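Written out below as structure tokens is the structure these notes cover.
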Amino acid sequence: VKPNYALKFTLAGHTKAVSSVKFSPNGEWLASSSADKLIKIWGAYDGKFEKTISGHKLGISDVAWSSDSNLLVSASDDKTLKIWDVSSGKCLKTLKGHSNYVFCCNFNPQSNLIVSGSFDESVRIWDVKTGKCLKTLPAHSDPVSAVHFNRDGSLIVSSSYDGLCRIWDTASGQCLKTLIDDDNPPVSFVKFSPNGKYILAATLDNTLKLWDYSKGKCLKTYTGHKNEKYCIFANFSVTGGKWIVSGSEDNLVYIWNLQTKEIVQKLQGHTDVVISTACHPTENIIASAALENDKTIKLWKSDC
Amino acid sequence: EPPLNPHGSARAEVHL
């Protein structure tokens, strides 16, 4: 099996680089964040613009959905995160504490917590209701590029330009593992596999790696794309064939067979770096987004 | 006049 992703929609509207796209867990919406300080919401199936959510004072680097699809959190150069009620557009809470740009963010599966990573080299864990910082982890010695909860919220994985992936106990704030292979290029992205067994890590040497968390060993290596400069999102696609999906600095979306490591498709159309990709929770749909000289989001659909 | 380098977001810039 190889997928057959075909371009369905191009979503135009952001006036600067798009930074992150994410599908809502209920599958109904796509959220995009941008350097233009805005979050936009679009229909996942029809690509139709829904609304703009605004409030940050500088550009946004990341956005994430709560499990019930009703809240968003965004991470901004204004050094804050904001929690938003999507239906009302209200900023419920502004999460203050970071001392430099906030780069990445995610809700835990229960969605009572938010994890953030910053250029201040810390990872913070926040309470969603109170907006209070619960924990500040001395996570890394360079900007934190990604943070992600595993499927039961018990672990956080973080990555940094310092070349390390670290795994944290959500409950204690304790570092449970540091992952490093045979070199330490900047790690520009990390995330847990849906089943929580693996971590997918991007490094700025044009390489993606699949790590077995428990064994602390690299199992798979994916290459062929270009990634030396930007923190590009990568994904596990699981709705059809089991793929790895990533953007690339040659303006393509790359799709690999997870087990064989072969490139199975390259999606063409963007005119600048594909900084973000996201996979729909139930259907074979990929969203991709590009930087300043493109400014668009694309939705692609496949039979498998 | 607009600023020469409109502030965007860290993800859209290259960090050395």
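Following Swiss-Prot, chain A shows residues 31-334, kept in their order.
How was it done? The header gives X-ray crystallography, 1.7 Å.
Heads up, the Cβ atoms here are built off N, Cα and C, so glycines get one too.
Quick look at what Swiss-Prot lists:
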MOD_RES   A:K112  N6-acetyllysine
REPEAT    A:43-82  repeat 'WD 1'
REPEAT    A:212-253  repeat 'WD 5'
REPEAT    A:256-296  repeat 'WD 6'
REPEAT    A:299-333  repeat 'WD 7'
SITE      A:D107  site 'Important for interaction with histone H3'
SITE      A:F133  site 'Important for interaction with histone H3'
SITE      A:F263  site 'Important for interaction with histone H3'
SITE      A:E322  site 'Important for interaction with histone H3'
Quick one: of the recorded positions A:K112, A:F133, A:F263, A:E322, which have a CB under 8 A from chain B's CB atoms?
A:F133, A:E322
Sort out for me which one of A:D107, A:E322 has the most neighbouring CB atoms within 10 A, since those are the recorded sites we care about.
A:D107
Candidate ranges A:212-253, A:256-296, A:299-333 - greatest C-beta contact count to the repeat 'WD 1' (A:43-82) (under 8 angstroms):
A:299-333
Checking distant contacts: for the repeat 'WD 6' (A:256-296), what same-chain residues at least six beyond its ends satisfy Cβ-Cβ under 8 A?
31-35, 50, 133, 175-176, 218-219, 221, 223-224, 230, 232-238, 240, 250, 302-316, 318-321, 324, 330, 332-334
Out of A:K112, A:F263, which of the recorded positions is least crowded by other Cβ atoms within 10 Å?
A:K112
In the chain carrying A:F133 (site 'Important for interaction with histone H3'), residues 6 or more apart in sequence that have Cβ under 8 angstroms from it:
A:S91, A:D92, A:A105, A:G147, A:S148, A:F149, A:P173, A:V174, A:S175, A:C261
